[PDB]
Amino acid sequence: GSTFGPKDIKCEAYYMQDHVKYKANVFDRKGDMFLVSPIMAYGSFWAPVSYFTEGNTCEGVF
């Protein structure tokens, strides 16, 4: 349970929907696909974080 501290986060990427940009927290990777979570702790799904070329916080997976 950490917000200021990428402990439970490690990677937090962004994405905009042509105008609205928000965060997506990312944990690990699987090939060219990454392993992300929604705006809560509920499951985990793969998403191309490679598309989140705005700014992300993943340093330990990099």
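Method information in the entry identifies solution NMR as the source of the structure.

(A) Quick look at the overall build of the protein. Broken down by element type, the protein carries zero helices and four strands. Counting from the amino terminus, helix and strand elements in the protein follow one another as β-β-β-β. Its C-alpha radius of gyration of 11 Å places the protein within 12% of the 11 Å reference for a compact globule of 62 residues. If one aligns the C-alpha atoms of the protein with their principal axes, the spans along those axes are about 30 × 25 × 25 Å.

(B) Layout of the nonpolar core. Of all hydrophobic cores here, the largest spans eleven residues; its members are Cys11, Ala13, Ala24, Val26, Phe34, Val36, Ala47, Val49, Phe52, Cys58 and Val61. Residue assignment for this core shows that the elements contributing at least two residues are β1 (11-16), β2 (21-30) and β3 (33-37). Non-local contacts of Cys11, meaning those with residues more than four positions away in its chain, are made with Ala24, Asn25, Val26, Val49, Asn56, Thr57 and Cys58.

(C) How the structure looks around the environment of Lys21. For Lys21, the position within the fold is in strand β2. For the pair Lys21 and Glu54, spaced 33 residues apart in the sequence, the C-alpha separation amounts to 9.5 Å. At 2.7 Å, the side chain of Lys21 forms a polar contact with the side chain of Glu54.

(D) Just the state of the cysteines, in detail. For the structure on display, the rule yields one disulfide. Paired by a disulfide, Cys11 and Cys58 hold their sulfur atoms 2.0 Å apart. Residue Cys11 is located in strand β1, and its partner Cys58 is located in the segment after β4 (45-47); the two are separated by 47 residues in the primary sequence. The same class applies to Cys11 as to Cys58, namely buried.

(E) Structural context of the environment of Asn25. Mapped onto the fold, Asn25 is located in strand β2. In this structure, the C-alpha to C-alpha distance between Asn25 and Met40, residues 15 residues apart in sequence, is 9.2 Å. Residues within four places of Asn25 in sequence aside, it is in contact with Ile9, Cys11, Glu12, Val36, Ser37 and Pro38.

Reading the values: the criteria
- Residues numbered from 1 in each chain as written, not as in the entry; some residues may be left out.
- Heavy atoms only, no water.
- Helix = DSSP H or I, 4+ residues; strand = E, 2+ residues; numbered from the N terminus.
- Rg over C-alpha atoms; globule rule 2.2 N^0.38 Å.
- Core = buried A, V, L, I, M, F, W, Y, C linked by side-chain atoms within 4.5 Å.
- Buried < 20%, exposed > 50% of the residue type's maximum accessible area, 1.4 Å probe, protein only.
- Contact = heavy atoms within 4.5 Å.
- Polar contact = N/O pair within 3.5 Å; in protein donor to acceptor, adjacent residues only side chain to side chain.
- Disulfide = S-S within 2.5 Å.

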